[PDB]
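Form deposited in one PDB entry, single chain, as structure tokens, below.
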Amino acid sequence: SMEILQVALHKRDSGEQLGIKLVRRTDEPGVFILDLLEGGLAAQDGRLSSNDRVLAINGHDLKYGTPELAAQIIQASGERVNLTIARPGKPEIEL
């Protein structure tokens, strides 16, 4: 199963970073969160997580996107950055 959620972050100036490390994978399409940077906007917000898939930013489709396309969108954004995410899998497993 997967959870779909929306997260809105607000830049205090046009050059502020979100504090996210985005990666591609060779074995599946998409853009994924690897980790959040210490003290950044995303970490402060507390909703985004490692292994989340970024489906869209501000209505711009990223399903088959790249980290560089995400960077372009974010760097050119307005103050509000809305991310639509997919979060797969079980959070706890006994094995």
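Just count from 1 along the sequence shown to find any residue number.
Student: Test of understanding: from the entry's C-alpha B-factors, which stretch has the higher mean, 80-88 or 5-13?
Tutor: The recorded data point to 5-13.
Student: Comparing 60-68 with 25-33, where is the mean C-alpha B-factor higher?
Tutor: That would be 25-33.
The next section is about a form of this same protein that is not shown, the form solved in complex with a partner chain.
Student: So, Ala71 and the partner chain: in the entry with it bound, are they within 4.5 Å at any heavy atom pair?
Tutor: So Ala71 counts as contacting the partner chain.
Student: Could you confirm whether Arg80 comes within 4.5 Å of the partner chain in the entry with it bound, counting heavy atoms only?
Tutor: Outside the cut-off, so no.
Student: Determine whether any heavy atom of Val23 comes within 4.5 Å of a heavy atom of the partner chain in the entry with it bound, and answer yes or no.
Tutor: Contact check for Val23: yes, within 4.5 Å of the partner chain in the entry with it bound.
Student: Taking the partner chain as it sits in the entry with it bound, is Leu18 near enough to touch it, meaning that at least one heavy atom pair lies within 4.5 angstroms?
Tutor: Although the partner chain is absent here, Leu18 would touch it in the entry with it bound, with heavy atoms inside 4.5 Å.
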